[PDB]
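Okay, so here's the structure we're looking at.
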Amino acid sequence: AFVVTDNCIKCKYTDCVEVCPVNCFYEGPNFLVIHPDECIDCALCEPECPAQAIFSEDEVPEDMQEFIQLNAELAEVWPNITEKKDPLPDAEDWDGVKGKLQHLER
Ligand code: SF4
Ligand code: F3S
């Protein structure tokens, strides 16, 4: 499974959903997650993220390990997203800010 980590929060570019063959991204107010059962690990999404927020599960930084289980739980509750949309309004002021997990919205 590929995992969306911290820098997606409040950026949510959605470029990643274009390339997903199996449409396993699920959508929150300010973040996207990958559903781990559905991802086939084709890795096509991770060059597409402008925030470079997607990682193969086995490559998630030590300080972002929380996101692996977060993606699994929120994918069970959030709606499927299959079409790119606009980036959040202020997405490039927040691109690159560390510590955005405290802004995540359910
Ligand atoms: S690794 Fe492939 S299947 Fe998994 S989320 Fe990315 S594009 Fe979709
Ligand atoms: S910012 Fe998030 S919405 Fe996709 S393109 Fe990157 S994982």
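Whatever order the structure lists them in is the order used to number ligands and atoms, beginning at 1. Residue indices begin at 1 and follow the sequence shown.
Among protein heavy atoms, the minimum distance from atom 5 (S) of ligand 1 is reached at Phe25 CE1, 3.5 Å. Atom 2 (Fe) of ligand 1 has as its closest protein heavy atom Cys42 SG, 2.3 Å. Shortest contact from atom 6 (Fe) of ligand 1 to any protein heavy atom: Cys45 SG, 2.2 Å.
Ligand 2 places these atoms under 4.0 Å from at least one heavy atom of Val4: 7 (S). Proximity to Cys24 (heavy-atom distance under 4.0 Å) selects the following atoms of ligand 1: 5 (S), 8 (Fe). For ligand 2, the atoms closer than 4.0 angstrom to any heavy atom of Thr14 are 3 (S), 5 (S).
When non-hydrogen atoms are compared, ligand 2 lies under 4.0 Å from the backbone of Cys8 as well as from its side chain. With a heavy-atom cut-off of 4.0 Å, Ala43 touches ligand 1 through its backbone alone. Residue-level proximity to ligand 2 for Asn7 is absent, since no heavy atom of it falls below 4.0 angstrom.
Between the side chain of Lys10 and the main chain of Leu104, no donor-acceptor pair closer than 3.5 Å is present.
Among the atoms of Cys39, an N, O or S atom falls under 2.8 Å from atom 4 (Fe) of ligand 1. Residue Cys45 does not count as close to atom 4 (Fe) of ligand 2, with no N, O or S atom under 2.8 Å.
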List the steps, then state whether side-chain hydrogen bond (donor to acceptor under 3.5 Å, both in side chains) holds for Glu38 with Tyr26.
CA-CA 11 Å; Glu38 305 165 15; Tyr26 292 78; 2.8 Å; yes
